[PDB]
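The structure appears right after this line, and notes come after that.
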Amino acid sequence: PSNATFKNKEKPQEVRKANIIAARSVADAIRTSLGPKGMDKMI
Amino acid sequence: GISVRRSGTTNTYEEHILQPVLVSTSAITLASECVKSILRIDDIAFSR
Amino acid sequence: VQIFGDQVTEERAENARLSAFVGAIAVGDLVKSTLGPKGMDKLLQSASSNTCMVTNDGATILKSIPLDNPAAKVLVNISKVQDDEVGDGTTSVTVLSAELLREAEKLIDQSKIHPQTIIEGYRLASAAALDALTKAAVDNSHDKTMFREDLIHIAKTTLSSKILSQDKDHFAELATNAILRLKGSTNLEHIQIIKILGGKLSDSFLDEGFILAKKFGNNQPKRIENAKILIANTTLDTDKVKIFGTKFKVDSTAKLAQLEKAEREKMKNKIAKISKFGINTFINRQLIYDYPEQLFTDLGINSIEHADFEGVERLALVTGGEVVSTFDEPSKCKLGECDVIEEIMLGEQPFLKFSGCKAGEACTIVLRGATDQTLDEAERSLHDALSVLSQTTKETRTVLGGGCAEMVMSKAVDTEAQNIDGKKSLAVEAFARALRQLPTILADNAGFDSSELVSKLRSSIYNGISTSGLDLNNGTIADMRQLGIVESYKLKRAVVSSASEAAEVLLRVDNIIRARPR
Amino acid sequence: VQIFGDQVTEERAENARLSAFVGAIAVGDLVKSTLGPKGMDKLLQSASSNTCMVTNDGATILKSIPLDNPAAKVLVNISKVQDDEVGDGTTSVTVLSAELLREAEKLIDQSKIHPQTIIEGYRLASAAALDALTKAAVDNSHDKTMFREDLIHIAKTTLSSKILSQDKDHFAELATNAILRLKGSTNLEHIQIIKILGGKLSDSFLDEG
Amino acid sequence: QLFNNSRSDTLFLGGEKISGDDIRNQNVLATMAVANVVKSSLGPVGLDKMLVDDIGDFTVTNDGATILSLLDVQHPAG
Ligand SMILES: Nc1ncnc2c1ncn2[C@@H]1O[C@H](COP(=O)(O)OP(=O)(O)O)[C@@H](O)[C@H]1O
Ligand SMILES: Nc1ncnc2c1ncn2[C@@H]1O[C@H](COP(=O)(O)OP(=O)(O)O)[C@@H](O)[C@H]1O
Ligand code: BEF
Ligand code: BEF
Ligand SMILES: [Mg+2]
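Chains as they are written, first to last, in PDB author numbering: chain U, 6 to 48; chain H, 481 to 528; chain F, 3 to 520; chain A, 3 to 211; chain P, 3 to 80.
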């Protein structure tokens, strides 16, 4: 099986990838505000 | 688990550091469920 | 010598065909990933409002995205039509719609065949694909036992491609129970779909009875037991007046006081006229004035305000009551009764859940989940399920899905081509080729060699094993009857019908003319 | 996170395939009418100079018209190459060039096969197409009688698709005689082509001297 | 105190976010700004301030809260 089945379109592969990143960033903005040694944010 | 007062490895149930089962039962279920609906996505397109 | 006004576009024959094709194929090639079990969802987002939606329902994608290409806007509509006429098959319609036109450009260019002659061939194939559909149709008779296990399948098949894939068995029984409970009624208003955020997706349920997005008349008892219900449309807060123009002209203040208490008396009497009904539960579409709200409380009658033409109609079907006005002669009108109306909590909001009703002919499904989009989709996914199953109460024949249905037509259309002959013959075979291109993408989205698998399933169905379908987890040819992948005949009959029409409309097109935009 | 500078375009896999095909096909399809006897001529015109030219030579079209699609410009050069190495087969190269690429997109999409596997398959075929070509080849020996009549033919064939189709025979002997005359030199400076406006086309000649 | 760069991952609207040190210092600097204005006006040896409406019109006062009310204060922590 060297020929195999070729995955044609690539937007999927890169959209998932770029969504996770876009999401992990929000979860990252919050990390400072967890637990008793957590800090508040002014909006 | 971590106790802030002790700054290290200490028995947290006896340390009186306590959180409801529901706060963790729902915490994981929602996250794991959300991930499922984020991974469904294979394209974004802008609508009207 | 110019003819038209300015900013006017004339795309003629050679170029008009380009728009027609490129437009359809573009739309088809947009929803191709929606099709099938191991199919994926799109994320639509408007520039207005900062809103979005995470969807599969092919219609919801096409109906949303803006488009310029008329040939595309044609297929967009045929997608709405299918959602109106069947509820499911939105994506299937469009893909088969495009793939027919894809196979037309390939004939118009590569072969040089007149479009009217491809039309006059597509037509011969379409009446033969619809032919062998009815012949392969499995109508289910009196055995409602055999027909229930049949309907559940329909749902299981419809649902696997949406988020509800993982929870198919659970949601299928929720849909099947709801439609069978609807007692034949083909109106979906009767099923209230209340989505409340939180918990799992397995946590969604159909209530045995009805849950109402309303409250009790004030400090009234929270849970009524052994209910009896009057359902009403009459005015309360507005204060019932004889329409015309009843203006009070009081000579001196003294008569105003009396006429003020008079309006109060007109109410007290209109509640006493109701009191005579002998009923502990009063529900009314209109508002309950701050006054009547108390008059019911002192008497012990529970009073619910604001449940519109919608809410009232369902309550009348679930409680077996009547949408009553007048209230002058209680003997002639029919009351509603149920067992218990206790006010539950669901995450935050207080709902009054009618439980143990007289006739279940109207229901409420409560959907649950972790995300507002997840809910959005569950409702849209569910509507697709409460459509096929509701329309198979009217159209009770079944056809095996999983590409099987479309293959059996690909068979007959392909043998009728060995019968027709000429230059039309090619367009007849092409129709069959386009029908094949559906199971092709069902297989392409899952991941296995589209070429090999479709080519493996063709052989079987053509060989006379007209049950053979696609096992889209195991990547094999599997018996569709024995694996319960069943679909509505009315579905498949619409898909081919609708698509064949799209084709002839567009294939007739040879001149696209656009006027200066507003 | 943006990588490149501005005005920079990134056409990756799924879109880079489109360009490569759209380009080739769009160019192949442009000259398709040139091919063969009952083939037609294009009228090219510059913005510059108020100049134009009515042509068949498929290179002369491709060389001239402007293009952006890099894949197209690839085929455009393969056109000049042919005009360099052989002089004829300009349009025959481009069409066969595009028709291969058309046939690839139909494989890459409809079937879903790997491009590199298509390559390792287009390769085996090419070496076999060139194979039989030499087996079917008709080499003409010492019989210069049998070879001149043979040459006159090649021209008659080449010529039929240009304005010179009607006076094929005439122009065929004007070429055959000029090249034989050239005595086996392969430089064409030795044939000065003087075009003087007027008269019939059948009035054209190779002077004795 | 070089003007901070907007992150290349996070996506916030008509809005910028300064974190950790950059904000902690901004707060303190804006806090001294408001406080230092009225440190001259403390004590019996303290003096008074003259606050122009911009249309010439003005008020002269010591009462700290009346000064701080009048000064247009832009920062939250101020
Ligand atoms: N579990 C399954 N296994 C194999 N094929 C399935 C399964 N469920 C559905 N299908 C097939 O996939 C198609 C449903 O795809 P879907 O994305 O729901 O399209 P549509 O929106 O047009 O209904 C049907 O034509 C059916 O034949
Ligand atoms: N009189 C003819 N009868 C049949 N085929 C011809 C004739 N003349 C040319 N051809 C064919 O047509 C092609 C030549 O067309 P042409 O437009 O000159 O393309 P190119 O510039 O690539 O040579 C060759 O493939 C040749 O076999
Ligand atoms: F994309 Be569908 F209506 F199952
Ligand atoms: F159109 Be060619 F170079 F014979
Ligand atoms: Mg030639």
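Even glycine gets a Cβ: it sits at the ideal position worked out from N, Cα and C.
In three-state terms, what does DSSP make of residue i?
i, result
"residue 16 of chain A", "helix"
"residue 447 of chain F", "helix"
"residue 339 of chain F", "strand"
"residue 53 of chain P", "strand"
"residue 107 of chain F", "helix"
"residue 20 of chain P", "coil"
"residue 200 of chain A", "coil"
"residue 150 of chain A", "helix"
"residue 21 of chain A", "helix"
"residue 53 of chain A", "coil"
"residue 347 of chain F", "strand"
"residue 363 of chain F", "coil"
"residue 499 of chain F", "helix"
Find out if the Cβ-Cβ distance for the pair residue i, residue j is shorter than 9 Å.
i, j, result
"residue 89 of chain F", "residue 390 of chain F", "yes"
"residue 495 of chain F", "residue 64 of chain F", "no"
"residue 513 of chain F", "residue 12 of chain F", "yes"
"residue 59 of chain F", "residue 481 of chain F", "no"
"residue 159 of chain F", "residue 486 of chain F", "yes"
"residue 91 of chain F", "residue 472 of chain F", "no"
"residue 313 of chain F", "residue 232 of chain F", "no"
"residue 234 of chain F", "residue 325 of chain F", "yes"
"residue 373 of chain F", "residue 495 of chain H", "no"
"residue 401 of chain F", "residue 456 of chain F", "no"
"residue 269 of chain F", "residue 521 of chain H", "no"
"residue 507 of chain F", "residue 127 of chain F", "no"
"residue 211 of chain F", "residue 358 of chain F", "yes"
"residue 57 of chain F", "residue 378 of chain F", "yes"
"residue 527 of chain H", "residue 66 of chain F", "yes"
"residue 27 of chain P", "residue 3 of chain P", "yes"
"residue 177 of chain A", "residue 157 of chain A", "yes"
"residue 51 of chain P", "residue 63 of chain P", "yes"
So residue i contacts chain F; which residues on that side make the cut at Cβ distance below 7 Å?
i, result
"residue 510 of chain H", "372"
At a cut-off of 8 Å, is residue i close to ligand 7 when judged by its beta-carbon and the heavy atoms of the ligand?
i, result
"residue 61 of chain F", "Summarising the ligand content, the structure contains ligand 1, ligand 2, ligand 3, ligand 4 and ligand 5 and does not contain ligand 7."
Just to make sure I have the definition right: I need the residues of chain F whose C-beta is within less than 9 Å of the C-beta of residue i. Which are they?
i, result
"residue 114 of chain A", "446, 451, 452, 453"
"residue 37 of chain U", "Result: empty, since nearest Cβ-Cβ is about 24 Å, beyond 9 Å."
Can you grab the Cα-Cα spacing for the pair residue i / residue j, in whole Å?
i, j, result
"residue 102 of chain F", "residue 450 of chain F", "24 Å"
"residue 9 of chain A", "residue 3 of chain A", "16 Å"
"residue 304 of chain F", "residue 470 of chain F", "59 Å"
"residue 363 of chain F", "residue 481 of chain H", "55 Å"
"residue 405 of chain F", "residue 76 of chain A", "42 Å"
"residue 209 of chain F", "residue 194 of chain F", "11 Å"
"residue 9 of chain P", "residue 49 of chain P", "47 Å"
"residue 152 of chain F", "residue 397 of chain F", "13 Å"
"residue 204 of chain A", "residue 54 of chain A", "24 Å"
"residue 48 of chain U", "residue 25 of chain U", "25 Å"
Which residues in chain P sit within 9 Å of residue i, going by Cβ to Cβ distance?
i, result
"residue 26 of chain U", "11"
Could you tell me which chain H residues have their CB closer than 7 Å to the CB of residue i, listed as they occur along the chain?
i, result
"residue 49 of chain F", "526"
"residue 46 of chain U", "Within chain H, no residue comes near residue 46 of chain U; the closest Cβ sits about 20 Å away, beyond 7 Å."
Can you pull the chain H neighbours of residue i, defined as C-beta to C-beta under 9 Å?
i, result
"residue 43 of chain F", "517, 520, 521, 522, 523"
Which chain H residues sit within Cβ distance under 8 Å of residue i?
i, result
"residue 16 of chain U", "522, 523"
Would you mind telling me which residues of chain P sit closer than 8 Å to residue i, beta carbon to beta carbon, in chain order?
i, result
"residue 30 of chain U", "9, 11, 12, 13"
Using 8 Å as the threshold, is the stretch 119–126 of chain F in touch with the stretch 364–379 of chain F, meaning 3 or more CB pairs across them?
no
State whether the stretch 242–254 of chain F contacts the stretch 182–199 of chain F, with contact taken as three or more CB pairs (one from each stretch) at a distance under 8 Å.
A contact between stretches requires three or more CB pairs, one per stretch, nearer than 8 Å, and the stretch 242–254 of chain F fails this requirement with the stretch 182–199 of chain F.
Does the stretch 47–56 of chain A touch the stretch 73–88 of chain A, meaning 3 or more C-beta pairs lie closer than 8 Å?
no
With a threshold of 8 Å, are at least 3 pairs of Cβ atoms found where one atom belongs to the stretch 167–179 of chain F and the other to the stretch 339–355 of chain F?
no
Counting beta carbon pairs with one atom in the stretch 12–24 of chain F and one in the stretch 333–349 of chain F, are three or more of them shorter than 8 Å?
no
Should the stretch 422–440 of chain F be regarded as contacting the stretch 93–111 of chain F, the criterion being three or more beta carbon pairs within less than 8 Å?
Of all C-beta pairs linking the stretch 422–440 of chain F to the stretch 93–111 of chain F, three or more are shorter than 8 Å, placing the two stretches in contact.
Using 8 Å as the cut-off, can you tell me whether the stretch 408–415 of chain F makes contact with the stretch 144–164 of chain F, which would need three or more C-beta pairs spanning the two stretches below that distance?
no
Does the structure place the stretch 391–403 of chain F close enough to the stretch 204–224 of chain F that three or more beta carbon pairs sit under 8 Å?
no
I want to know whether the stretch 286–304 of chain F touches the stretch 251–261 of chain F - three or more CB-CB distances under 8 Å.
The stretch 286–304 of chain F is not in contact with the stretch 251–261 of chain F.
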